[PDB]
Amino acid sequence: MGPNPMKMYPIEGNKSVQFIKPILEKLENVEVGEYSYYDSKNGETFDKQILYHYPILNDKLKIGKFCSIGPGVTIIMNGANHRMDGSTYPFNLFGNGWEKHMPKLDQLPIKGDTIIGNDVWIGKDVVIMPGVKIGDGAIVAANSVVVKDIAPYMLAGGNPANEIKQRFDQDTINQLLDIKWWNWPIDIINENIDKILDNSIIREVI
């Protein structure tokens, strides 16, 4: 029961809502969760929303399951970082003799992997910068620029995005994070969808 997580377009007669996993599986250094989707802005596939991702830099991108990704959301990897221990001017890019000043792999600044948890909701037109971690159950307001990590089940927003409030009490969150329902076989998930939708799944699996 439920859509086919392997269908590029789960909804019939609908080419706006897509399933990420199928689109990104062909890619290197990219891990995506089963039912995470992206609601297309102008009909573009999500792979077009991932910028500056070169295998050589070996920075990875991980997205969990059951994530809701709004249109225009942009993931920036480490491909565009300019060497910064000195001048940030890329002389090497203009040939004519300057090619010999090509940076050294270990000379380029890498902030790390970008990791997005499970059950995350990212508003539309959100820009996520390199080396950012977003915990499970988190909500990122639209038009946000995420520069630093985001604690699980936190509600964040702004440019630079800050944590505004905690979705639930410390306790519950602790429970949910321990339970990890998105990690259950779908047959089960499928029978508690309503409890998952009202957070009671805690009072029964405890």
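Residues carry their position along the shown sequence, with the first being 1.
Averaged over their C-alpha atoms, the temperature factors of 102-110 and 119-127 are higher for 102-110. The PDB entry reports B-factors from which the mean C-alpha value can be compared for 180-188 and 16-24; the larger average falls on 180-188. Compared with the other modelled residues of the chain, the Cα B-factor recorded for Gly43 ranks in the highest third. Sorting the modelled residues of the chain by their CA temperature factor places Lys62 in the lowest third. Per-chain ranking of the deposited C-alpha B factor places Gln49 in the lowest third. Annotation for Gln170: C-alpha temperature factor in the highest third relative to the rest of the modelled chain, per the entry. In this PDB entry, the Cα temperature factor of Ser36 sits in the bottom third of its chain's modelled residues, the lowest group.
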